[PDB]
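J.: Let me begin by handing over the structure; questions about it come next.
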Amino acid sequence: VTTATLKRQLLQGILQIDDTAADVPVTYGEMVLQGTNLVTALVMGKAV
Amino acid sequence: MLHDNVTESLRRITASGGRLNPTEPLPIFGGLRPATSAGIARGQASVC
Amino acid sequence: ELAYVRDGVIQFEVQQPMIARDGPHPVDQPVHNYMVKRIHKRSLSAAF
Amino acid sequence: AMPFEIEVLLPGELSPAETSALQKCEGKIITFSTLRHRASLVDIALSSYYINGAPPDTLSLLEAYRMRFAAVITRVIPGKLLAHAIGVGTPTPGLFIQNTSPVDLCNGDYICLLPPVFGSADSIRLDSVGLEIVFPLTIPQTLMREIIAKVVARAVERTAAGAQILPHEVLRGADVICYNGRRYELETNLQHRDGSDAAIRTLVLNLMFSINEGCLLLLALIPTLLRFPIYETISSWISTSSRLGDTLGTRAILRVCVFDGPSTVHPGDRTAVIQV
Amino acid sequence: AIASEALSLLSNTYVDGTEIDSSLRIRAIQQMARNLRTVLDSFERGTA
Amino acid sequence: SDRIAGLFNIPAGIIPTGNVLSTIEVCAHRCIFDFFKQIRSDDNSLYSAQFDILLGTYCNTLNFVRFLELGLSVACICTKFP
Amino acid sequence: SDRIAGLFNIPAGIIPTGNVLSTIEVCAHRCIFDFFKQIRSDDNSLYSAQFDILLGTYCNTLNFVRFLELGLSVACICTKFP
Amino acid sequence: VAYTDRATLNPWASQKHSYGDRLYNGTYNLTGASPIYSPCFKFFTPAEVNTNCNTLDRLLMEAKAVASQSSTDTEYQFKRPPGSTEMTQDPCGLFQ
Amino acid sequence: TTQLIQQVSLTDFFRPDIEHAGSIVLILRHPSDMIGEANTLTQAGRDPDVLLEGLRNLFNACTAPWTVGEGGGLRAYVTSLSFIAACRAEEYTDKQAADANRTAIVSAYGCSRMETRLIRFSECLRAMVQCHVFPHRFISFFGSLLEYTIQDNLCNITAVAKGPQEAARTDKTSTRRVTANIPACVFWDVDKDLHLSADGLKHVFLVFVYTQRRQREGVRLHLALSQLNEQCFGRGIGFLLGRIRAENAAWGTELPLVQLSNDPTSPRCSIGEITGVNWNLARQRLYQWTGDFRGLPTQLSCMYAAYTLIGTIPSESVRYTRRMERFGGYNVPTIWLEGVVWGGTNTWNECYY
């Protein structure tokens, strides 16, 4: 991560471009806190 | 110092040879701010 | 359920190799480490 | 429950200068003798306060701000004025008010109206209909007593002309009102010796004739403390003092609640309020 | 009587999708049923 | 302090969620951690069990009175008048 | 210490394992128990939720160096006297 | 430690309770009410890491995100106002 | 519903990360306003500079001593009841609870010039009374602490300003609600002392108590919980404070007209007889009456209490609980009111008679 001036100066002749696209994920994870560790969350005060 | 007219005279010889110096009538309760100048030329003034 | 947690931690367990040397040297033993970090809480807000 | 909205239908023929003037005179407080859903521009005007065919003085205005119902000027459109009530039980949800006073309102102050006792008043003149409108001051409840006790005292030394008290003293000077860490000098860097006293002298007279009779009825009753009906005098003193004191001792009507904003409301600045 | 935060859970304001919230709303409904049943038996005792 | 070292048992192996992929000397960066314990080849204090238990939960249930099953109802002729 | 209330929630472990046979004004014997709390109806402290959580565990895996797979082993003639 | 042939170059400013130490060391709060920024404040005030002795190389953890020292709005270098959040770097307040 | 109010402030005389939610928070008027009122209201022969020095010494070790002037914008706006109680922790009858609270807040706070901060605030409060700059003019009810956020030295506070206390919803650790609470020392129920103690609605007052002898001034504030309304509570206070009243009335300040008119033989001058030449020979023809009302008991020399009304508790019977619960590192006895509905108008009533 940098500024658009350093990126310009870098892409000129210092670094070598590898690609112009990327495969990225398009969704987040998820936690539920259900089933059993809901029982231990209300009787005792802990969960895994 | 012992005599008030010696501190009141040192605080005048000091102010007459610089530009960072408190307002002339020292307020009885406050913080002795300096007089804001109506211009800035080359940036903040770094004190020595 | 982030609004309900009080504090959450994550635990690490790393092991280190060793090199069997000769004398005169103090013979070695395998070392293991155990660590804990703790999540920090932050926020984000915008209005209209 | 719904609010109490008042619709002041402005007449035509108002100069385009006076309309822009009114466009800024919102948030200010006006009063009506009776509270109706549709008012007119002559119920707000100064001509409503004329007591004996003559404009009111400070005493009459203090007596008037009690018997009338206050209202805050909300949005103004090119056609009419819209104002919400204050005292009656109403849910008025937006209810901002601008500060017309030479002090700063801190977040949490209580506000009570005071006629323009010192100097001049900010009045919008509508010469197209032949009437003007003066707006009360919004001062914090903490100064509501110091201000009046300092503008009524000062007007007694100026009455002490004739070597009754030394008019040559500069030992005591600069009667100021310190509030929120600012000093408001009262002489206003000029001389309003005339014009201001002539509009307050009735209050000063009613206070002189009431403090002077308090320290004499006591002395008449108990001569060792240090044909002239006496019980009639005991009666006519309390009847006058207790009827003049409630006029002065006013209570608050708004309170400055401020979210998301600055804690200090400078003079000529807007802010949100709630109903006491 | 019905508490605050028990009236806030019966009347479905501040409804979150969490199961740890339904677990509390059930706990509130049970208490309200208890109290209503006891109040109704009180009228059979009061007659005597 | 170190209350957190004691919330959940430190060496209690549940399942590696990930692999730290580094294998560096961690004795150096002792401070980017809220708890740190270095152990030699299988030292003690790793075999500890001590718990707290809720050995039961008792309740009750009320009895409901019917006014007409009582004996007192002989002295009256109960009538309903809305 | 009276920290006893604070291990498990007071109403919790909902299914009761017994049944109190005697209804009496328990308040008069408040000092028999180690904890006591009488509410009138729907105290606000009944609906309280607060927990701690373990958000993962991370191990490592050692790599096993073979001497003959290295390059340095060229200079030696590794035989094995028994 | 640096020059081993002497104990100090400036006896008036390195000794404890000397002129320089008494004038610039922040513990004596001499210029506590003055608004002007003191460049020599960090050179004459002894440092105290709350975990001074619980790390061998805390050079890295004490070299990332120190808050700004002075003000960045006014005409002079005042002290940092009570509500600022700017942050700088000190290659000179680390090796002293 | 309720009514929330929010205010940014410093953290000198108030640390919201330590005080319980539901705690009563006070606000402070600007310090530079006390100088003006001390320069004029001070009695004769008493230096009005003791207040100024005790003020410039308080703020000289409180925070950055610069920017304590006029137009900074940031200032030590708020305090808690616990701070203003522990600074005067030697004037309450319950020494146990007072000293417990005091040692709690001395250690749980920064401890960096915190003892001095508690001592000099008390010195300032003391000095405010000999100059007749009474504290009730510069301290007032802000709200009950509900929600906060803090930074290095900078805090932002949200409080309940008006409306039932238990209707405000927060993100408190255990449950989403909070009830009011106060230290046990500042508590003062007037009905148990006056033998009224009835079951009914109550009021919640904020009463100051001044005690002024020469160089022996003592100031404490309580939280009163009475059946008597705003008008008839000064009587109940005067009957419980019968000693301070008489002590302040004395140790604090340190004409036959009806007969002359009953005979036309006494010398007199009708109003139409007051002209130029009659001037010099009038003030001697009449009856002489020398003397002066100088050096006498005034309202500011005999004042012993000043109280406001801040809320009511409209239940069939007030259920308040006294339990010992900690400010973290230390135990301290508190009192847990139940079902208070904050009010206001911040109208102080002075008591001098």
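Starting from 1 in every chain, residues are counted up; chains themselves are A, B, ... following the order of the structure tokens, and ligands are numbered from 1 as listed.
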Please produce, as CSV, a per-residue contact table for chain F versus chain G (criterion: any atom at most 7 Å away, only C-alpha atoms considered), showing the nearest atom pair and its distance in Å to one decimal, sorted by chain then residue number.
T.:
```
residue,atom,partner,partner_atom,distance
F:15,CA,G:57,CA,6.9
F:16,CA,G:58,CA,5.1
F:17,CA,G:57,CA,5.4
F:18,CA,G:58,CA,5.0
F:19,CA,G:60,CA,4.9
F:20,CA,G:60,CA,5.3
F:21,CA,G:60,CA,6.3
F:56,CA,G:17,CA,6.1
F:57,CA,G:16,CA,5.3
F:58,CA,G:18,CA,4.9
F:59,CA,G:19,CA,5.2
F:60,CA,G:20,CA,4.8
```
J.: Store the residues picked out above, limited to N, CA, C and O atoms, as a PDB file, in the first residue's frame.
T.:
```pdb
ATOM      1  N   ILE F  15      -8.256 -28.477  18.574  1.00  0.00           N
ATOM      2  CA  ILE F  15      -7.890 -28.853  17.210  1.00  0.00           C
ATOM      3  C   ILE F  15      -7.159 -27.664  16.593  1.00  0.00           C
ATOM      4  O   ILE F  15      -7.637 -26.526  16.704  1.00  0.00           O
ATOM      5  N   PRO F  16      -6.013 -27.862  15.963  1.00  0.00           N
ATOM      6  CA  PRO F  16      -5.367 -26.742  15.274  1.00  0.00           C
ATOM      7  C   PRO F  16      -6.253 -26.143  14.197  1.00  0.00           C
ATOM      8  O   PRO F  16      -6.536 -26.785  13.182  1.00  0.00           O
ATOM      9  N   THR F  17      -6.701 -24.906  14.415  1.00  0.00           N
ATOM     10  CA  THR F  17      -7.484 -24.213  13.401  1.00  0.00           C
ATOM     11  C   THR F  17      -6.616 -23.864  12.199  1.00  0.00           C
ATOM     12  O   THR F  17      -7.049 -23.985  11.046  1.00  0.00           O
ATOM     13  N   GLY F  18      -5.379 -23.445  12.450  1.00  0.00           N
ATOM     14  CA  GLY F  18      -4.423 -23.193  11.395  1.00  0.00           C
ATOM     15  C   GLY F  18      -3.050 -23.690  11.803  1.00  0.00           C
ATOM     16  O   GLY F  18      -2.894 -24.363  12.822  1.00  0.00           O
ATOM     17  N   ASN F  19      -2.064 -23.352  10.985  1.00  0.00           N
ATOM     18  CA  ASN F  19      -0.671 -23.668  11.257  1.00  0.00           C
ATOM     19  C   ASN F  19       0.153 -22.394  11.150  1.00  0.00           C
ATOM     20  O   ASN F  19       0.057 -21.672  10.156  1.00  0.00           O
ATOM     21  N   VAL F  20       0.966 -22.116  12.174  1.00  0.00           N
ATOM     22  CA  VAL F  20       1.612 -20.808  12.251  1.00  0.00           C
ATOM     23  C   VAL F  20       2.684 -20.613  11.194  1.00  0.00           C
ATOM     24  O   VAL F  20       3.187 -19.493  11.040  1.00  0.00           O
ATOM     25  N   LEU F  21       3.065 -21.664  10.475  1.00  0.00           N
ATOM     26  CA  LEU F  21       3.740 -21.562   9.186  1.00  0.00           C
ATOM     27  C   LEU F  21       5.099 -20.866   9.262  1.00  0.00           C
ATOM     28  O   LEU F  21       5.736 -20.657   8.225  1.00  0.00           O
ATOM     29  N   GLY F  56     -27.202 -29.932  41.119  1.00  0.00           N
ATOM     30  CA  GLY F  56     -28.648 -30.045  41.103  1.00  0.00           C
ATOM     31  C   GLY F  56     -29.325 -28.693  41.094  1.00  0.00           C
ATOM     32  O   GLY F  56     -28.715 -27.652  41.330  1.00  0.00           O
ATOM     33  N   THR F  57     -30.621 -28.714  40.811  1.00  0.00           N
ATOM     34  CA  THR F  57     -31.431 -27.504  40.723  1.00  0.00           C
ATOM     35  C   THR F  57     -32.860 -27.886  41.060  1.00  0.00           C
ATOM     36  O   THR F  57     -33.501 -28.613  40.297  1.00  0.00           O
ATOM     37  N   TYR F  58     -33.357 -27.401  42.188  1.00  0.00           N
ATOM     38  CA  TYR F  58     -34.665 -27.785  42.690  1.00  0.00           C
ATOM     39  C   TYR F  58     -35.632 -26.620  42.576  1.00  0.00           C
ATOM     40  O   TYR F  58     -35.232 -25.454  42.610  1.00  0.00           O
ATOM     41  N   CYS F  59     -36.910 -26.947  42.429  1.00  0.00           N
ATOM     42  CA  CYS F  59     -37.960 -25.956  42.248  1.00  0.00           C
ATOM     43  C   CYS F  59     -39.193 -26.447  42.991  1.00  0.00           C
ATOM     44  O   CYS F  59     -39.117 -27.372  43.802  1.00  0.00           O
ATOM     45  N   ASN F  60     -40.335 -25.829  42.717  1.00  0.00           N
ATOM     46  CA  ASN F  60     -41.591 -26.253  43.314  1.00  0.00           C
ATOM     47  C   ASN F  60     -42.735 -25.821  42.412  1.00  0.00           C
ATOM     48  O   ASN F  60     -42.535 -25.194  41.372  1.00  0.00           O
TER      49      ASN F  60
END
```
J.: Quick one: which chain E residues come within 10 Å of chain C, and what is the nearest atom pair for each with the distance in Å to one decimal, counting only C-alpha atoms, rows ordered by chain and ascending number, as JSON lines?
T.:
```
{"residue": "E:16", "atom": "CA", "partner": "C:1", "partner_atom": "CA", "distance": 9.4}
{"residue": "E:17", "atom": "CA", "partner": "C:1", "partner_atom": "CA", "distance": 9.4}
{"residue": "E:18", "atom": "CA", "partner": "C:1", "partner_atom": "CA", "distance": 6.8}
{"residue": "E:19", "atom": "CA", "partner": "C:1", "partner_atom": "CA", "distance": 9.1}
{"residue": "E:20", "atom": "CA", "partner": "C:1", "partner_atom": "CA", "distance": 8.0}
{"residue": "E:21", "atom": "CA", "partner": "C:1", "partner_atom": "CA", "distance": 9.6}
```
J.: So which one's closest to residue 24 (chain H), H:92, H:11, H:40, H:81? Using only C-alpha atoms, please.
T.: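 Looking at the shortest contact to residue 24 (chain H), the residue is H:40.
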J.: Counting only C-alpha atoms, collect the residues of chain H whose closest atom lies at most 10 Å from chain F, and write them out as JSON, numbers by chain.
T.: {"H": [51, 54, 55, 56, 57, 58, 60, 61]}
J.: Only C-alpha atoms, please: the residues just picked out, written as a compact mmCIF listing (two decimals), in the first residue's frame.
T.:
```txt
# COMPACT_ATOMS: atom_id res chain seq x y z
CA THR H 51 7.82 -2.77 31.57
CA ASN H 54 10.39 -7.24 30.89
CA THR H 55 11.98 -7.09 27.42
CA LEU H 56 15.50 -7.41 26.06
CA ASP H 57 14.86 -5.79 22.66
CA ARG H 58 11.93 -3.40 23.01
CA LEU H 60 11.04 -2.23 17.95
CA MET H 61 7.93 -1.97 20.13
```
J.: Pick out each residue of chain H that DSSP on the backbone tags as helix (DSSP H, G or I); I need them as number ranges by chain.
T.: H: 11-14, 19-24, 26-28, 41-44
J.: As a list in words, could you give me every residue of chain H near chain I (at most 9 Å apart, counting only C-alpha atoms)?
T.: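 Those within range of chain I come out as residues 32, 33, 34, 35, 81, 82 and 83 of chain H.
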J.: To one decimal place, how far is CA of residue 162 (chain I) from CA of residue 311 (chain I) in Å?
T.: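 One can read the CA of residue 162 (chain I) to CA of residue 311 (chain I) distance as 8.5 Å.
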J.: Could the residues of chain D that have an atom at most 6 Å from chain I be listed as a Markdown table, each with its closest atom pair and the distance in Å to one decimal, counting only C-alpha atoms and ordered by chain and ascending residue number?
T.:
```
| residue | atom | partner | partner_atom | distance |
| --- | --- | --- | --- | --- |
| D:178 | CA | I:33 | CA | 5.4 |
| D:179 | CA | I:33 | CA | 5.8 |
| D:180 | CA | I:30 | CA | 5.4 |
| D:181 | CA | I:70 | CA | 5.0 |
| D:220 | CA | I:258 | CA | 6.0 |
| D:223 | CA | I:255 | CA | 5.6 |
| D:259 | CA | I:6 | CA | 5.7 |
```
J.: Quick one: residues within 8 Å of residue 41 (chain A), only C-alpha atoms, excluding same-chain residues fewer than 6 positions away - as a compact mmCIF listing (two decimals) with C-alpha atoms, in the first residue's frame?
T.:
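Result written to out_23.txt:
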```txt
# COMPACT_ATOMS: atom_id res chain seq x y z
CA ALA A 47 -17.93 -20.85 24.71
CA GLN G 50 -22.48 -12.08 28.82
CA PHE G 51 -19.86 -14.63 27.81
CA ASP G 52 -16.25 -15.22 26.80
```
J.: For chain C against chain F, with a cut-off of 7 Å and counting only C-alpha atoms, what is the closest atom pair and its distance in Å to one decimal for every residue that makes the cut, ordered by chain and number, as CSV?
T.:
```
residue,atom,partner,partner_atom,distance
C:16,CA,F:23,CA,6.8
C:29,CA,F:41,CA,5.7
C:30,CA,F:41,CA,5.0
C:31,CA,F:40,CA,4.6
C:32,CA,F:39,CA,5.3
C:33,CA,F:38,CA,4.6
C:34,CA,F:37,CA,5.3
C:35,CA,F:36,CA,4.6
C:36,CA,F:35,CA,5.1
C:37,CA,F:34,CA,5.3
C:38,CA,F:34,CA,6.9
```
J.: With only C-alpha atoms as the counted atoms, please give the residues lying no more than 10 Å from residue 29 (chain E), apart from itself and same-chain residues fewer than 3 positions off, as a PyMOL selection string.
T.: chain E and resi 6-7+9-10+24-26+32-34
J.: Could you check how far CA of residue 319 (chain I) sits from CA of residue 160 (chain I), in Å to one decimal?
T.: 20.8 Å
